[PDB]
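>>> Sequence, then the experimental structure. Questions to follow.
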Amino acid sequence: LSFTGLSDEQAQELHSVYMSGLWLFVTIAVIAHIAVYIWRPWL
Amino acid sequence: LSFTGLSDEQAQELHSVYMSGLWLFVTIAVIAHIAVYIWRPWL
Amino acid sequence: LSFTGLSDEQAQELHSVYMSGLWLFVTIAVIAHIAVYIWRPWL
Amino acid sequence: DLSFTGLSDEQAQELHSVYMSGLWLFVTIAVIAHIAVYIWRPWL
Amino acid sequence: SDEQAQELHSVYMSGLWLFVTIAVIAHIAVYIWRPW
Amino acid sequence: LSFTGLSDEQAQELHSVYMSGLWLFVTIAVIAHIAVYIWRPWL
Amino acid sequence: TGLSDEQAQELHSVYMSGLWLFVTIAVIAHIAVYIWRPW
Amino acid sequence: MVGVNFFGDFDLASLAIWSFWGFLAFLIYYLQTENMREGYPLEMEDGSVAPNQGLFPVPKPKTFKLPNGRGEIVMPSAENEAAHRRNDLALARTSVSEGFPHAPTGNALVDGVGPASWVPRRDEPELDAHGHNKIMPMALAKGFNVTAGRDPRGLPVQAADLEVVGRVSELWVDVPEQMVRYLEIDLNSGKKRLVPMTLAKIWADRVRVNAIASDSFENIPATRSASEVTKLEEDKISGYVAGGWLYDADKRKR
Amino acid sequence: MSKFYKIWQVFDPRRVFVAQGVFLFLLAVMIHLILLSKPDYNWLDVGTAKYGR
Amino acid sequence: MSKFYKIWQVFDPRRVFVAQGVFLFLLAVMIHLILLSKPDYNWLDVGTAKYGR
Amino acid sequence: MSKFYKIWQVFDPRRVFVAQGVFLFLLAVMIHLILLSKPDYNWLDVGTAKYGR
Amino acid sequence: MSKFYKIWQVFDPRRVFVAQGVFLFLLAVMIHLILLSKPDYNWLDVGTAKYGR
Amino acid sequence: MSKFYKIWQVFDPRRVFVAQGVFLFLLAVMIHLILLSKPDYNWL
Amino acid sequence: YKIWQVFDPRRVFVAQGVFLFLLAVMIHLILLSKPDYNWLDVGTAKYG
Amino acid sequence: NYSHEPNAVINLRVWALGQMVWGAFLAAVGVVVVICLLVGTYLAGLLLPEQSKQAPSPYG
Ligand code: BCL
Ligand SMILES: COC(C)(C)C/C=C/C(C)=C/C=C/C(C)=C/C=C/C(C)=C/C=C/C=C(C)/C=C/C=C(\C)CC/C=C(/C)CCC=C(C)C
Ligand SMILES: COC(C)(C)C/C=C/C(C)=C/C=C/C(C)=C/C=C/C(C)=C/C=C/C=C(C)/C=C/C=C(\C)CC/C=C(\C)CCC=C(C)C
Ligand SMILES: COC(C)(C)C/C=C/C(C)=C/C=C/C(C)=C/C=C/C(C)=C/C=C/C=C(C)/C=C/C=C(\C)CC/C=C(\C)CCC=C(C)C
Ligand SMILES: COC(C)(C)C/C=C/C(C)=C/C=C/C(C)=C/C=C/C(C)=C/C=C/C=C(C)/C=C/C=C(\C)CC/C=C(\C)CCC=C(C)C
Ligand SMILES: COC(C)(C)C/C=C/C(C)=C/C=C/C(C)=C/C=C/C(C)=C/C=C/C=C(C)/C=C/C=C(\C)CC/C=C(\C)CCC=C(C)C
Ligand SMILES: COC(C)(C)C\C=C/C(C)=C/C=C/C(C)=C/C=C/C(C)=C/C=C/C=C(C)/C=C/C=C(\C)CC/C=C(\C)CCC=C(C)C
Ligand SMILES: COC(C)(C)C\C=C/C(C)=C/C=C/C(C)=C/C=C/C(C)=C/C=C\C=C(C)\C=C/C=C(\C)CC/C=C(\C)CCC=C(C)C
Ligand SMILES: COC(C)(C)C\C=C/C(C)=C/C=C\C(C)=C\C=C\C(C)=C\C=C\C=C(C)\C=C\C=C(/C)CC/C=C(\C)CCC=C(C)C
């Protein structure tokens, strides 16, 4: 089960905070991609 | 939980100060990017 | 919390002094960049 | 209070006063020499 | 009187150095007016 | 303070003799510099 | 002579009150002759 | 694949050199982290733990399973550093600032400081695969004979002050390696004491020990057993002897 | 899909965050450079031309 | 987004501070250099061109 | 911006001081050499030219 | 500015002074050579030409 | 300017004097070799 | 301050003063003699 | 008995001069050894055929 010795409660909270940051990243990235397709599309 | 042995309060404090410094950094960077854009744009 | 053994007051004093020095540095630098911009502008 | 060196504010002020004396002497000499070198051959 | 001798040494050297300051100023001034 | 084991009196003596020799050195050196300006000037 | 530290200040102050007058007169003269003939 | 740029001037050559830079970075990380298994955490002169613990983090513990049932050694660990930790150190700070020396308070060859320092290795001897002691005196080492060289045994032992102190008696050997590590001395004072062969120069007529003077040969640490010698005693002896290149130099002649 | 918090029970989050950070920065630099190469996406050359500078 | 103060319960402030400082500085340098290497963003060449020097 | 002094509850002033001293000195040297290699800001060659030497 | 003296509550005079001597002498030699590098500002050759020697 | 004697409380004077001897002799040879290099300033 | 013990303060102060005055006079005369550095000569011509 | 200087200052002055001159003698020894090294090198080079001083340059 726990190779790194983290119980599920802590792992779950960590993944919560992790996914929050991830989706923030993807959001900023999507906005920039939008802008850039509008400024010089590549497809 | 802590992989470094900090408590939620010291951490909340650290993060407050870190975010303040970061926002000062970004503010000055924005001043500069604006000046540059007015003087010699790139987009 | 203190990774170096300081207290908040020792830190505050040290920081006032560091700030004094930094502002002096910046002051001389501003004087000099001004004299330069007057002598051979780079913008 | 805080001293990573042992010197209390007293010895510190003493040492600093003498160090700054020496610094201002050094700087006086350099200023004189710079004015001279300007007279003989300006660089601005 | 060693103490009295340093006391006046200071005066002598003090005023003499003020004259030296005056002389350097004068040399800078001549050099500006005419070089050598 | 005395890092080296010397007191103000010993240090005063030693400095007196050191600066004696120093002023001797500067005297000889300014003499020789004068003579050289006589021989091969450089300004 | 020894005199006094007070006496030395006393006449030295009177000596200055004369030196200054001398310098003032002299500089007024220098200005006036700079006006008439410059050098 | 000549003249084939994926983008810009970038071809397989550029990709390979850059990939190498990356692999190399990871590799420097790996090595400078594996060089942390001994010595860290970083200390002050006070014995405390300091704020600067390096920019590379100490790695995760591994395990050495020893031969001859000597147990498991974990590096990095607290047991490892605390065993090899010296205490009761005869040293005095030279200044309140850090980065300055610490003087030996007493006799350093004895107090075990400086070049004369030793480390608490475990008072169990060094063993071969078979579990027999590594260092035996040549007399217990069955079959061992001098196959060449100058047999020192019986030669006087000249010291750093040029004076003589005793005669060699026996040779302590690395049986699995077949070489001479220590040599023993029958001292004038009626005592037996070891001295590393690497610190003794066999002449034709004598053995010279320019490390230490004569006053020191007597206060050398001894062995609780005359047929074996442990790692601890080895470090003590070797440090003591090697410290004479600094702490008995006012005595060394010629 | 919901159990993906268990990868934190296999990996040290410290290692992982450092490795992700490095990977991300390097990927970004690589891409921005693949762009600066192509003359059509070098936004700097584009600006020079657009602005007649 | 509200819990991000726990990256301090996972990392050590010293190493992160020094590392990200190095990172910001080297980034700034790389960017200034990319500019300088382009005649249309070299503030120095542009200045000596603008002031007719 | 009101608790920056807490940085010294993190880093040791000795190291920080030496580091930034080295940093500033090298930075200054590099900027000076940069100008010195650009002959429109080489104060020496300029003063030669302005004063006709 | 009033309290710069605490620098010696941080650093030791010995190492600081070694640093200062080394750094100042290094800088002096550096700048003198910088000048001697220019056919101008080279007091020796300048005097050589001025006096027609 | 008058409390400079305190340097001998910082540095052992024996070693400082030997070091000055070295430094000054080396500086002398440096300049003599600099001057010797130049035909205008060479005297041999 | 050894010199003050060796000679009456008056002896070294009076000697040094006279020497310096003489040196100043000599320098001035040397400059006046030369047409260049004659303070009187450069000013009249310039104003005229 | 001889060698006895009564004065404290004269004793300090002759000591410091000795120290300084010792250092300068060390420096001179070093300079002289370097000089002998290079000069013996050049001379031994004069013993070599003439093709040694003819060799083409690598331009660097
Ligand atoms: C156009 C070029 C001009 C010129 C322009 C200038 C200008 C302008 C300046 C110099 C300065 C200097 N010039 Mg110049 N100078 C020229 C020609 C020369 C030549 C030459 C042979 O050509 C020489 C040798 C020199 C010599 C010097 C140095 C004496 C001096 C810098 C001191 C220094 O580095 O302090 C740093 C050294 C140290 C800190 C360490 C010294 C080591 C000592 C000996 C050991 C310590 C002793 C111990 C602590 C004892 C304690 C007691 C103390 C006395 C209290 N100049 C030409 C003609 N020169 C600079 C100067 O004098 O600044 C003050 C200056 O401003
Ligand atoms: C020359 O030829 C060229 C190069 C042109 C083309 C070559 C093509 C070739 C050689 C293609 C080869 C393709 C192959 C071999 C593809 C294989 C793909 C596989 C095996 C993909 C597998 C993907 C799996 C993923 C991404 C799994 C992700 C899982 C997670 C994110 C969840 C994490 C997992 C666990 C167990 C966490 C839970 C933990 C606990 C403790 C309960
Ligand atoms: C390549 O780029 C170029 C070179 C062209 C341009 C750039 C140049 C640069 C970047 C130059 C930078 C120069 C700088 C930073 C210069 C700084 C100079 C300073 C800070 C000088 C300080 C001098 C201080 C001196 C000489 C002090 C001397 C003090 C004494 C001799 C007496 C002190 C006595 C003491 C301490 C006794 C009391 C001690 C005790 C223990 C009681
Ligand atoms: C030819 O090459 C090019 C580049 C042209 C083509 C590209 C090829 C490829 C293979 C591209 C690959 C792209 C990939 C795989 C991208 C992946 C991106 C990912 C996975 C991004 C993830 C980002 C995650 C972030 C920013 C997470 C942030 C998390 C945090 C800030 C919080 C973490 C938890 C904390 C601080 C609290 C811990 C909790 C407790 C209770 C202690
Ligand atoms: C080819 O590539 C190019 C360059 C052309 C294009 C690509 C560029 C790329 C890939 C750029 C990437 C940029 C990135 C990822 C930038 C990230 C920047 C960040 C994260 C900056 C953060 C800055 C933070 C700062 C300055 C924080 C300052 C904090 C302080 C001063 C507060 C001090 C903190 C204290 C005292 C802690 C409190 C402690 C206690 C014990 C209470
Ligand atoms: C391609 O790159 C180029 C160069 C073209 C362009 C880019 C350039 C870049 C990236 C430049 C970056 C520059 C930066 C980051 C500059 C930063 C400068 C700073 C932060 C300077 C700070 C200076 C601070 C000073 C001088 C402080 C002095 C403080 C003192 C003298 C007092 C010390 C403290 C004391 C005495 C308190 C002690 C108290 C107690 C109780 C122990
Ligand atoms: C003179 O007036 C004018 C300008 C009108 C004349 C016209 C034309 C001429 C002749 C111009 C002159 C050109 C010249 C000659 C320029 C240069 C003059 C110089 C360089 C004068 C400087 C002399 C400086 C000296 C001898 C240096 C003194 C400094 C030291 C010896 C540094 C030693 C520092 C120590 C011992 C402190 C060490 C401290 C610690 C903590 C280790
Ligand atoms: C061509 O030019 C060359 C180069 C030849 C020379 C150039 C310039 C020269 C040589 C400049 C000289 C400048 C000098 C010497 C300036 C100062 C001159 C002075 C001091 C002149 C002489 C006397 C001045 C006096 C006496 C002024 C005023 C004094 C008094 C009013 C003091 C009277 C004292 C009383 C009544 C004391 C009574 C009370 C008590 C308690 C004793
Ligand atoms: C072109 O412009 C026109 C002509 C149209 C306009 C009109 C006027 C112009 C341009 C005039 C120009 C120059 C003039 C008028 C210059 C005048 C210079 C004078 C009068 C100079 C100096 C006078 C000095 C005096 C009266 C000095 C008197 C000194 C004493 C009485 C000695 C005092 C001190 C004593 C007695 C104490 C001595 C003590 C001891 C111990 C020796």
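Okay, I see it. Numbering: from 1, shown residues only, chains lettered A, B, ... in the order given. Ligands and ions are numbered 1, 2, ... in the order given.

>>> from here on, contacts and neighbour counts on C-alpha atoms
Noted.

>>> Quick one: residues in contact with stretch O:3-14.
Stretch O:3-14 has contacts (C-alpha atoms under 8 Å, 6 or more residues apart in numbering or on different chains) with F:13-14, F:17.

>>> swap that for stretch H:228-242, sorry
Contacts of stretch H:228-242 (C-alpha under 8 Å, 6+ apart): H:109-110, H:112, H:115-126, H:133, H:135-137, H:194-196, H:199, H:211-212, H:220-223.

>>> Restricting to C-alpha, output it in CSV.
C-alpha atoms of stretch H:228-242 as CSV (Å, rounded to 0.1, in the frame of the first residue of the first chain):
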residue,chain,number,x,y,z
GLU,H,228,45.3,-9.2,17.4
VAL,H,229,44.7,-5.5,16.9
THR,H,230,41.4,-3.8,16.3
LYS,H,231,40.5,-0.9,14.0
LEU,H,232,40.2,1.4,17.0
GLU,H,233,43.7,0.7,18.3
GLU,H,234,44.9,1.1,14.7
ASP,H,235,43.5,4.5,14.3
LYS,H,236,44.7,5.6,17.7
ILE,H,237,48.2,4.4,17.0
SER,H,238,48.4,5.8,13.4
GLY,H,239,47.1,9.2,14.4
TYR,H,240,49.5,9.4,17.4
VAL,H,241,52.4,8.5,15.1
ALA,H,242,51.4,10.8,12.2
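
>>> What segments of the stretch 101-250 of chain H are strands?
Secondary structure of the stretch 101-250 of chain H (DSSP state E, counting those that start in this stretch): strands at H:102-104, H:135-137, H:156-159, H:164-174, H:179-187, H:192-196, H:201-202, H:207-209.

>>> Redo those as a markdown table? Include mean neighbour count and distance to residue A:43.
A markdown table is the format used below for these (neighbours: other C-alpha atoms under 10 Å in any protein chain shown; distance: least, C-alpha to C-alpha, whole Å):
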| stretch | mean neighbour count | distance to residue A:43 |
| --- | --- | --- |
| strand H:102-104 | 15 | 71 |
| strand H:135-137 | 24 | 78 |
| strand H:156-159 | 23 | 88 |
| strand H:164-174 | 20 | 76 |
| strand H:179-187 | 20 | 76 |
| strand H:192-196 | 21 | 78 |
| strand H:201-202 | 16 | 82 |
| strand H:207-209 | 22 | 84 |
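
>>> quick one, which of those strands is nearest to chain A?
strand H:102-104 (43.1 Å; C-alpha to the nearest C-alpha).

>>> List the neighbouring strands of the closest one plus their orientation.
Strand H:102-104 has the following strand partners under DSSP bridges: strand H:91-93 (antiparallel).

>>> and residue H:88, that's in a helix?
No - Residue H:88: not assigned to a helix; according to DSSP: H, G, I helix; E, B strand; the rest coil it is coil.

>>> what about it, distance to chain O?
With distances taken as C-alpha to the nearest C-alpha, to the nearest Å, residue H:88 is found 40 Å from chain O.

>>> Count the neighbours of that residue for me.
6 (other C-alpha atoms under 10 Å in any protein chain shown).

>>> Let's verify residue H:253: helix, strand, or coil?
Applying three-state DSSP: residue H:253 is coil.

>>> Just give the nearest non-adjacent residue to it, would you?
Spatially, and ignoring its direct neighbours in sequence, residue H:253 is nearest to residue H:161 (5.5 Å; C-alpha to C-alpha, 6 or more residues apart in numbering or on different chains).

>>> Could you look up the SS state of residue H:5?
coil.

>>> burial count for the residue lying closest to it once chain neighbours are set aside?
Spatial nearest neighbour of residue H:5, excluding adjacent residues (C-alpha to C-alpha, 6+ apart): residue H:11 at 4.6 Å. Using other C-alpha under 10 Å, residue H:11 is surrounded by 15 other residues.

>>> Where do the helices of chain I begin and end?
Assigned by DSSP state H, chain I shows helices spanning I:13-37, I:43-51.

>>> Please work out which of those helices is packed deepest.
Highest mean neighbour count among these (mean count of other C-alpha atoms under 10 Å in any protein chain shown): helix I:43-51, with a mean of 15.

>>> Quickly check: that one near chain A or not.
No - on the criterion C-alpha under 8 Å from any C-alpha of the partner chain, helix I:43-51 is out of touch with chain A, staying 9.7 Å away.

>>> same question, stretch H:61-80
No - applying C-alpha under 8 Å from any C-alpha, one finds stretch H:61-80 out of contact with chain A, separated by at least 13.5 Å.

>>> contact partners of stretch A:9-21?
Contacts with stretch A:9-21, where a contact means C-alpha under 8 Å, 6+ apart, come from B:1, I:4-6, I:8-9, J:1, J:3-4.

>>> ok, and of the contacts of stretch H:228-242, which contact chain J?
Okay, of those, nothing touches chain J (C-alpha under 8 Å from any C-alpha).

>>> Mark which of the residues you listed are buried, thanks.
H:109-110, H:112, H:115-119, H:121, H:125, H:133, H:135-137, H:194-196, H:199, H:211-212, H:220-223 (16 or more other C-alpha atoms under 10 Å in any protein chain shown).

>>> For the residue in chain I positioned nearest to chain B, give me its contacts.
The nearest approach of chain I to chain B comes at residue I:47, 4.5 Å away (C-alpha to the nearest C-alpha). The contact partners of residue I:47, taken as C-alpha under 8 Å, 6+ apart, are B:41-43, I:53.

>>> Compute the distance between the closest residue to ligand 1 within the stretch 51-200 of chain H and residue L:8, please.
Nearest to ligand 1, among the residues of the stretch 51-200 of chain H, is residue H:100, at 20.0 Å (C-alpha to the nearest ligand atom). According to C-alpha to C-alpha, to the nearest Å, residue H:100 stands 16 Å off from residue L:8.

>>> So which of the two has more stuff around it?
residue L:8 (22 against 12).

>>> what's the nearest residue to that one if we skip its chain neighbours?
Looking at residue L:8 with C-alpha to C-alpha, 6+ apart, the closest residue is residue D:12, at 5.9 Å.

>>> In three-state terms, how would the one you found be classified?
helix.

>>> pretty sure residue A:6 contacts residue I:11?
No - if you go by C-alpha atoms under 8 Å, residue A:6 and residue I:11 don't touch, sitting 9.8 Å apart.
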